[PDB]
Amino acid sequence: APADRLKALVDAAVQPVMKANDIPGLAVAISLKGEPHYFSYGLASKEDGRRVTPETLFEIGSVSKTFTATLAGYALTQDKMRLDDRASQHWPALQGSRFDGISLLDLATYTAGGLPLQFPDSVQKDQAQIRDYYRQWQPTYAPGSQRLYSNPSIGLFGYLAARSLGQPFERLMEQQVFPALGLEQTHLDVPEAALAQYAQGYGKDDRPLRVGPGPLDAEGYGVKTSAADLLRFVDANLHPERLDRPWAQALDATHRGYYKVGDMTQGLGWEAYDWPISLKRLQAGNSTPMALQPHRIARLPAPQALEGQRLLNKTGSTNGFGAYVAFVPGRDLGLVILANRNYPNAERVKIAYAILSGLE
């Protein structure tokens, strides 16, 4: 009965949403009572007929920021940087710019003062162009006052964390972070030998879409991973004490909240809600206006532990993919939902909520 009921619950949550959003392929992984459960739907490629499995690689877009935050957590708990460091401490090229007056925490939590959603189209994947972009940028409002969700903000945070460790971001992720987490199906640059696992992404008129190079792409949206590997990462987040101490501390650093906007408490990468909360409130926290408009923050008197009766989550999208991850620390419960269409955040949350409600 238990296996039957779980399948029935996940199918009932997933199937209508896949149909309604014309999603070609979708992978679910759930961590429940210390065991993984996988549910795979549809096609990784409509053209060659490759089916989705728990090993299929999907682009996870901004969910990558939780990995970036974990690397920063490592730099922090290793005393190579502090959250109150000024940004220009870690890149001489930024000395004399406005980044003299902007903290690493500001960058990590999108409060540097109006860094935009994405780098402008004019900025290519080039160190000099990126350097010059930040050198010339001026805040719209005071650092530390308003949240504006931003790839160049947290991207710079990750880049500076790598500089503080004296190695390239991409190399640190491949050689240190992914292996520490036990992740062998997680990539910034998918090996040739693994390309058979890489799903096709689909956009308007089902044009094929896989993510191309861009400035600070690794830091902001670099990761391709499987539902199985992403759940392994969720399980590391649920039980950081199962990892060697330096990495346990790194994961813990991503479970600390610094301010609230409405119902959401902002950590490094992760965004947290009280649990239970209504589906409509969780959707609102993951909505377009939340991502696209500046919001005044309510700063906390001290960092808050993001644990117990809370839901931690992150959305992420590329042109052809849409990902969502959510977990409840106090219930040892986690889930990932990966798809090869960028479909509305509210629909991803709707699937997750149906699964979580059914388990409760």
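Start at 1 with the first residue shown and count on from there.
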- Mean Cα B-factor comparison, 132 to 140 or 258 to 266, giving the higher one as deposited: 132 to 140
- Please work out which of 294 to 302 and 329 to 337 has the higher mean CA B-factor as recorded in the PDB entry. 294 to 302
- Query: What's the residue among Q200, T225, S153, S145 with the greatest CA temperature factor in the PDB record?
  - Reply: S145
- Choose from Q124, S103, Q283, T186 the residue with the greatest Cα B-factor as stated in the PDB record. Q124
- Message: Can you tell me whether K314 has a C-alpha B-factor in the lowest, middle or highest third compared with the other modelled residues of the same chain?
- Response: lowest
- According to the PDB entry, is the CA B factor of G166 in the bottom, middle or top third of its chain, that is, lowest, middle or highest? highest
- Among modelled residues of the same chain, the CA temperature factor third for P240: middle
- Query: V234: which third of its chain by C-alpha temperature factor?
  - Reply: lowest
- Item | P179 CA temperature factor, ranked by third within the chain | middle
